[PDB]
Asker: 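Structure incoming, see below.
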Amino acid sequence: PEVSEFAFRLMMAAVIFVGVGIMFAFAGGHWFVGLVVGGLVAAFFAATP
Amino acid sequence: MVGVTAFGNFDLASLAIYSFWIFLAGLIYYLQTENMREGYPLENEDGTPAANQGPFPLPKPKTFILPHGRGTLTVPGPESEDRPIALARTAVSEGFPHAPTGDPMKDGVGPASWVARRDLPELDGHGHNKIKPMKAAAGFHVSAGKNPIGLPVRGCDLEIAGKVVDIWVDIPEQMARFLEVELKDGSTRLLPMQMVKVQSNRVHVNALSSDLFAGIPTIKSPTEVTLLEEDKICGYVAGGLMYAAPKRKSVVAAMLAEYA
Amino acid sequence: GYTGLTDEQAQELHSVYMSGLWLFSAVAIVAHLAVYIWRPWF
Amino acid sequence: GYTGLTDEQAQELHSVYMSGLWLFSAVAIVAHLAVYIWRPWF
Amino acid sequence: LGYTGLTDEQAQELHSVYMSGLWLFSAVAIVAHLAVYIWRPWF
Amino acid sequence: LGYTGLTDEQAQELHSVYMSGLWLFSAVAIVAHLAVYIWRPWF
Amino acid sequence: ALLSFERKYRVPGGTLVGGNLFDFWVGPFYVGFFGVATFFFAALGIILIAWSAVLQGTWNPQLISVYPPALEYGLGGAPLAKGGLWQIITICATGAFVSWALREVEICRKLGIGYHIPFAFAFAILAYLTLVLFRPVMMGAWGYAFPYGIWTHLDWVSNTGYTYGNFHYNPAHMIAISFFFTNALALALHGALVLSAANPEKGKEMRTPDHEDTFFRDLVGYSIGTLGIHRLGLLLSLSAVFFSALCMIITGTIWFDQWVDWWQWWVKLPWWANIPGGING
Amino acid sequence: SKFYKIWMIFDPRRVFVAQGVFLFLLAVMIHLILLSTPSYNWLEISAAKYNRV
Amino acid sequence: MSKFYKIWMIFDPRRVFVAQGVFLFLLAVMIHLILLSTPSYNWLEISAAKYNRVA
Amino acid sequence: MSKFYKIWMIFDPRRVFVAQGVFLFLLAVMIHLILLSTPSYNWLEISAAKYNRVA
Amino acid sequence: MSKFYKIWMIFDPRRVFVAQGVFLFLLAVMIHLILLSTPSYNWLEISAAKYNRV
Amino acid sequence: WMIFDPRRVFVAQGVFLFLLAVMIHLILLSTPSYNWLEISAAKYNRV
Amino acid sequence: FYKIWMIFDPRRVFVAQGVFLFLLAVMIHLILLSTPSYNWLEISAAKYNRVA
Amino acid sequence: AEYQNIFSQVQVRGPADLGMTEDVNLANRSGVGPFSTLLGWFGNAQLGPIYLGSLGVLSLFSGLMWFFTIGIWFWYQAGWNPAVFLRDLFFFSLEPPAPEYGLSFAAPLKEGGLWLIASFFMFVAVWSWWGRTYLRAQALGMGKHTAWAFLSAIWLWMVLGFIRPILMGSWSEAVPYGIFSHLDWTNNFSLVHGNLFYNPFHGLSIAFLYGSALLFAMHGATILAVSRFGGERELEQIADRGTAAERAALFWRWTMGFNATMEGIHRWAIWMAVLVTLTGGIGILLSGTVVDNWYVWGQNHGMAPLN
Ligand code: BCL
Ligand SMILES: CC[C@H]1c2cc3[nH]c4c(c3C)C(=O)[C@H](C(=O)OC)c4c3nc(cc4[nH]c(cc(n2)[C@@H]1C)c(C(C)=O)c4C)[C@@H](C)[C@@H]3CCC(=O)OC/C=C(\C)CCC[C@H](C)CCC[C@H](C)CCCC(C)C
Ligand SMILES: COC(C)(C)C/C=C/C(C)=C/C=C/C(C)=C/C=C/C(C)=C/C=C/C=C(C)/C=C/C=C(\C)CC/C=C(\C)CCC=C(C)C
Ligand SMILES: COC(C)(C)C/C=C/C(C)=C/C=C/C(C)=C/C=C/C(C)=C/C=C/C=C(C)/C=C/C=C(\C)CC/C=C(\C)CCC=C(C)C
Ligand SMILES: COC(C)(C)C/C=C/C(C)=C/C=C/C(C)=C/C=C/C(C)=C/C=C/C=C(C)/C=C/C=C(\C)CC/C=C(\C)CCC=C(C)C
Ligand SMILES: COC(C)(C)C/C=C/C(C)=C/C=C/C(C)=C/C=C/C(C)=C/C=C\C=C(C)\C=C\C=C(/C)CC/C=C(\C)CCC=C(C)C
Ligand SMILES: [Fe+2]
């Protein structure tokens, strides 16, 4: 109940990573593209909270 | 030399393993004797040397030549507290806690303990003061993270006890060590950076309640802090964790005290 | 200006840079023409 | 001028460097001609 | 010019000694290559 | 120049001693190589 | 029985359970409620290992082995001579480890220091529970846990690893190994650096942290700092244990084939799977 | 046009270093791609043309 | 092309020369090893076949 | 060799000499090992076959 | 060759001598080891075969 | 709204809505029924 | 609807919007290329008998 | 929650620290690099300056040549195809010469000679780096502890690549260059010598690696716990024992009955880490040369059930 900017940002980054990974894995022919895109998006979002 | 045994199954591998057991016993002996350079000989709870001193004997003394002409340190050597200890024995038998006679945070006993170190500032390699206020440190500035300067300081009782005025930085390490906090009376105390939680709006100090901020030991010089003053401040703040517990307004603590 | 160079200084720098780029492009075009004569890829 | 050297110094350094580069390229061209005579790759 | 602190005379003398050493090294290398090529040519 | 603080006379004396040692070492090596070539030539 | 400075730190308080009932020391050891629990569980486990040695028929400490229940018993109880002793010793070991961690919490509270040490020990406890509790429960048998023998739990490690081919190809295993090696390297470097600073060349003054930072910057071009190196050591050890626990918790539960077969996914990516040449072509 | 003012924004040293590294890496990658293909592999082409095998 | 000298006003000559030397040596080694790897232009193998060095 | 001496105005002689010595030693060892790798020019095996040192 | 002594005006004799000693010993060990590793020029095995020790 | 920070509320709401929309679209695409691309291809004899 | 700019930093929102738009466009293009239908490369290849 | 001191909650940046000048030749030291905010969240943000000496130049050239030789061999194995190079990067291998060649340097360039060239470059690079560590300690007047710990690591490395292949009389015993290839070498080494788990020195090496992880966890946790008292400044605690050193010692004394000092714990650390590679080198050296099957050896020494 005491989440700060960094904690909420990281939680949202994790949710975005999982969602985009599943979405792009379904879109692409393999799960690698989805995993990479989700991880990169999450890292970029959490880099500057 | 596969299968070449001097006797029985003892071969070069067995020789190596037994010689390593011998070497490991010797190395453990050496390491323990090296560890026995501080806090020895052992004492009784009254102060006299104890009958039991341990299987490992004391090592021969070694001398450290302290930097910047600070003298030498020979260890093991005669060491004493060099400070009155405000504790009273709670049992004639050994192995029992010693109760504080007065206020432990003021007495500097228990988790609020401090050591009588040198009353001199810690020096860097060049000889200058290691920890200096950021105003007196040439070119130092907050580079990242929330700047704590100007934020209110909230104690463990959820009451504001002052505001952050300056940051004391370690010049070689280039990391913040102490926050200077101005209280309601206009005087300034120091808070270790490891005991303060810099939040977005306030600086939360879970160790100390607001009313205890005045009790923090002060530095005799506004621009430098000595090792003794650092030890006193850190001991006071940390002992606040166990001695300001009644004043702390934690919800889990309140619920536990409801049933205790 | 993040670099602080004057307009004349930046203009001269970019002029010589473009001269170098045009020389590089000319050599690249000559090489591509030689390769295409030797072995076209279209 | 990030380097700090004067224009005359830069001019002289570039002259010496280009002389060395042309010597290196001359040796490389001689070597390539020798290899092509020995074993052409075209 | 001022990167090393040497003067033109000192740099010239140093380069002369270095080139003498380089020419001696190259002469020995050329003799070695001639001996190897006579013993076993690689072309 | 003068990186090591040595003087021209001192440097020349040191070089003379070093070259004497080098010539002794190279003479021993040449004798050894002659002995090995007589015993087992590699050419 | 006390160090020259211990007297001022032996004060009441900091206990989690029991108040002053067990708030005392036996020699150097602080007992506390969880210390009483730890001693009981440890003595029970050791005596039961000796008794299992009696049942097994060998007194050689290297041959003593307490095997878990066979796979026929599933996750239920087993006779003591054939798996029940292992279950009791596992319960005693978990109780001893958790009691040790909570006793460390009590000691931390008494001394007013942070709880980094019991928190770090909790990672080792979690890896142990992964090997003896979580993974066997997920797989559905206590026989997937390791025996309590000096050289038979090595046999368990070998058999579990070779069940999945070369276990080196487990990616979480690779990460954990890299963390372990890096942790050992960093520990060597840190010990050596502090000793070199504190024991300089004979007759010279003791060095400062500035000298340590200068040494490591002149060596590798970067210095992480004293606080930095201690943070790094803690994080490297904890990450190694976390990733080893992850590697074992995914093995036999969501992965069942050889792990090199896992690595085949990168090879079979659409844009270069069919290109001839190389190793996999 | 007025592209020169791009140097008012970009540091010339870092830009030049990055451009040189990128150009060399791209050229090497293209040459390696050409070598990989059986066609345009000028060494193999010359070997077949002059019967070096 | 006459203003190319100004590149030395941006780049330190020492660092550039060191990088260029390393680059040229690595490039030359790479090309020589590519030539050695191919059965053709492997001048040692070529000379061995030409002079019948096979034992 | 017109004005190459000026390179010593830019490069410290000690650093250049050390780098050149390291480079030359490594290159010489690399070339000798390359020659030893090839069955031809491996002078030890050449002499072994020439004088029939292997039975 | 007459100006080579000037290298000692530039190079510290201590470090040069240490490096030269280490290099020469390492080179000698390398060459003796290469000779031992080849079936020929392994003087121990050559003497064994010549005098029929085996 | 009083308890929670407006920025966090909006960010979470937007991310969740986008994720739900894409998830529903992908569920429709996966199943043979309600897959518009496949039925359009079949109707117009693309394949 | 302009008051949404009173709460959020315009630069962060614009960067996130650009990344999201590029991601969505790439996702749609990849979905189109995934199925044998609408894969304009494969459709053109089959139409012009590229594989002969 | 309270501040656990894992990450700095605020960063301060000042002038770049140029370092000490005890006996270091400042000419060979480079300039200070960029400050990394990302690195500052965990340790020091400052990059550089680095010392580029004679041994540093030798080590960098030799290591660059070793890396480049392995890379050129990988490119050859890829058919010069960047796509194949990226696909099979972990599967490429620069294997040592086949056993038929023994220790001879007559192996063909594509069949072991290039491995010998790369191994020579790696040998020179590693030993020059060891000399570099020793001389960097010597220039600052510090002890040579880093040199000797690195010597233990080099001992294991030399046993793996140089000493044991010589004692076995074959370069084929040495470790191939490549990720999965050297993992496969490790696995095959264990399999050939009969379950290397039963190597007692391998067991000791694992004991000290686990002890290194355990001891660094304990030490990092202890220093982070007492950093509220300035416990991270360990040299100060050695010179002037503060309440941080006393609290750490008392924690471990009350927990496990004995403690170390602020300096002696680092002796424990250096020896725990050194013994890893020391016992490991001994155990690898014994494998094959003295013991050809470790499971049978363990059976004959009461470590395995049968026999
Ligand atoms: C199937 C595989 C086999 C097996 C086969 C082997 C073999 C074979 C070996 C080990 C070795 C080791 N094994 Mg085992 N091992 C197995 C199972 C295990 C298990 C387990 C839980 O099952 C564990 C924990 C271990 C643990 C260990 C370590 C204790 C030990 C390696 C120490 C080390 O750091 O080496 C890694 C460190 C080094 C090699 C030192 C490197 C030093 C040099 C100087 C570094 C140069 C760097 C270079 C220049 C690159 C620079 C890069 C630039 C700086 C960027 N093994 C099973 C039974 N294991 C080694 C050992 O010593 O065994 C006795 C060994 O050789
Ligand atoms: C998470 C990072 C690393 C870590 C951390 C860590 N361990 C810790 C700590 C920390 C921070 C402590 O505070 C605590 C301590 O006090 O250390 C001195 C502890 C500790 N780490 C220990 C050991 C240890 N840690 C290990 C691992 C690690 N510990 C990780 C790598 C390992 C191995 C195999 O890798 C071992 C052996 C102990 C010294 C100590 C915990 C002491 C304890 O719990 O004591 C009570 C238990 C007993 C006395 C055991 C006998 C009684 C039991 C009931 C029987 C158990 C039998 C056992 C199952 C048999 C196994 C036989 C084997 C051959 C299979
Ligand atoms: C894979 O590729 C293979 C290996 C197959 C083929 C190889 C290809 C390549 C890339 C080959 C590379 C070749 C190169 C670049 C060779 C370069 C050679 C050079 C430049 C050699 C220079 C040698 C110089 C020497 C030996 C100089 C010696 C000097 C002295 C002995 C005198 C020193 C003393 C002095 C200067 C006194 C000091 C003076 C004063 C005034 C104080
Ligand atoms: C794999 O490749 C193989 C090995 C097959 C082929 C090998 C290839 C290569 C790369 C071979 C390399 C050969 C080289 C470079 C050899 C170099 C040899 C040299 C330079 C030898 C020098 C020897 C010099 C000696 C031994 C000098 C000794 C000197 C002394 C004993 C006296 C020193 C004392 C002095 C100066 C005191 C005077 C002091 C004052 C103050 C005046
Ligand atoms: C998976 O999708 C597939 C591959 C199937 C198909 C692809 C689909 C998608 C999603 C494609 C995406 C395409 C996009 C988003 C393309 C975007 C292109 C853009 C934004 C291009 C912009 C180009 C602008 C350029 C090159 C501008 C150059 C500017 C200059 C040369 C001059 C700059 C200098 C200045 C401003 C001087 C500085 C002035 C002052 C006053 C300081
Ligand atoms: C793509 O970009 C390029 C190509 C430019 C650069 C890329 C490079 C790449 C892809 C590099 C890859 C490197 C890898 C994967 C390296 C892997 C190394 C591993 C895993 C090594 C593992 C063990 C190695 C050991 C134990 C080595 C031991 C060696 C020694 C002890 C030295 C032995 C010395 C000998 C044989 C000297 C013999 C020679 C003479 C003259 C006596
Ligand atoms: Fe430490």
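Naming convention: chains lettered A, B, ... in sequence-line order (proteins, then strands); numbering from 1 in each chain. Side-chain atoms are counted along with the backbone in the values below, which use heavy atoms only and exclude waters and symmetry mates.
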Asker: Could you verify whether a donor N or O on one side chain and an acceptor N or O on the other, from G:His211 and N:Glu22, lie under 3.5 Å apart?
Answerer: yes
Asker: Below 30° counts as parallel, above 60° as perpendicular, anything between as tilted: where do the rings of N:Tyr295 and N:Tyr198 land?
Answerer: perpendicular
Asker: So which residue, G:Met206, G:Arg103, G:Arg10, ends up with the most heavy-atom pairs under 4.5 Å with chain N?
Answerer: G:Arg103
Asker: How far does CZ of N:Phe180 sit from CG of G:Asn166, to the nearest 0.5 angstrom?
Answerer: 10.0 Å
Asker: At a 4.5 Å cut-off on heavy atoms, which part of G:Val241 comes close to chain N: side chain, backbone, both, or neither?
Answerer: neither
Asker: For the candidates G:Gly225, G:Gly228, G:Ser158, which exhibits the highest count of non-hydrogen atom pairs separated by less than 4.5 Å from chain N?
Answerer: G:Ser158
Asker: Quick check on G:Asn183 against chain N: is it the side chain, the backbone, both or neither that has a heavy atom closer than 4.5 Å?
Answerer: both
Asker: List, one per line, each side-chain donor-acceptor pair under 3.5 Å for residues 133-142 of chain N, sequence neighbours excluded.
Answerer:
| unit_1 | atom_1 | unit_2 | atom_2 | d |
| --- | --- | --- | --- | --- |
| N:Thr133 | OG1 | N:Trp130 | O | 2.6 |

Asker: Considering only heavy atoms, which portion of G:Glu205 lies under 4.5 Å from any heavy atom of chain N: side chain, backbone, both, or neither?
Answerer: neither
Asker: For each of N:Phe251, N:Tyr51, N:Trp268, tally heavy-atom pairs with chain G at distances under 4.5 Å, and name the one with the top tally.
Answerer: N:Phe251
Asker: Under 4.5 Å from any heavy atom of chain N, what part of G:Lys110 do you find: side chain, backbone, both or neither?
Answerer: side chain
Asker: May I ask you to decide if the ring planes of N:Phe197 and N:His202 are parallel, tilted or perpendicular, using 30° and 60° as cut-offs?
Answerer: tilted
Asker: Mind ranking G:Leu234, G:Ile117, G:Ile224, G:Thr226 by heavy-atom pairs under 4.5 Å with chain N and telling me who comes out on top?
Answerer: G:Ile117
Asker: Assess, by modelled atom type and distance only, whether the side chains of N:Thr222 and N:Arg247 contain a donor and an acceptor separated by less than 3.5 Å.
Answerer: no
Asker: For the residue pair G:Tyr169 / G:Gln258, report whether a side-chain donor-acceptor contact shorter than 3.5 Å exists.
Answerer: no
Asker: Measure G:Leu269 against the heavy atoms of chain N and call it side chain, backbone, both or neither at under 4.5 Å.
Answerer: neither
Asker: Specify which of N:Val32, N:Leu18, N:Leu86, N:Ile238 makes the most heavy-atom pairs with chain G at under 4.5 Å.
Answerer: N:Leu86
Asker: In terms of heavy-atom pairs under 4.5 Å with chain N, which of G:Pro61, G:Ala273, G:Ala120, G:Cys108 leads?
Answerer: G:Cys108
Asker: Using a 4.5 angstrom heavy-atom cutoff, name the option from N:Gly298, N:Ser227, N:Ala149, N:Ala83 with the most pairs to chain G.
Answerer: N:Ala83
Asker: Side chain from CB out, backbone as N, CA, C, O: work out which of these in G:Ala184 comes under 4.5 Å of a heavy atom of chain N, or both, or neither.
Answerer: both
Asker: Tell me, out of N:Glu236, N:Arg233, N:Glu263, N:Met218, who's got the most heavy-atom pairs with chain G below 4.5 Å.
Answerer: N:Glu263
Asker: Mind ranking N:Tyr76, N:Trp148, N:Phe92 by heavy-atom pairs under 4.5 Å with chain G and telling me who comes out on top?
Answerer: N:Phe92
Asker: Does the plane of the ring in N:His219 sit parallel, tilted or perpendicular to the ring in N:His266? Use 30° and 60° as the thresholds.
Answerer: perpendicular
Asker: Parallel, tilted or perpendicular: which describes the rings of N:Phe216 and G:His190, with under 30° parallel and over 60° perpendicular?
Answerer: parallel
Asker: Strictly by modelled atom types, are N:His301 and G:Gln62 linked by a side-chain donor-acceptor pair under 3.5 Å?
Answerer: no
Asker: Looking only at heavy atoms and a cut-off of under 4.5 Å, which of G:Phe180, G:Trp25, G:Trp266, G:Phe216 has the most pairs with chain N?
Answerer: G:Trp25
Asker: Count the heavy-atom pairs under 4.5 Å between each of G:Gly191, G:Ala186, G:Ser196 and chain N, then report the option with the highest count.
Answerer: G:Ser196
Asker: So which of N:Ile223, N:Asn187, N:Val84, N:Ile270 has the biggest tally of heavy-atom pairs under 4.5 Å with chain G?
Answerer: N:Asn187
Asker: For the residue pair N:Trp254 and G:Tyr30, categorise the inter-ring angle as parallel (less than 30°), tilted (30 to 60°) or perpendicular (more than 60°).
Answerer: tilted
Asker: So for G:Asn199, is it side chain, backbone, both, or neither that comes closer than 4.5 Å to the heavy atoms of chain N?
Answerer: both
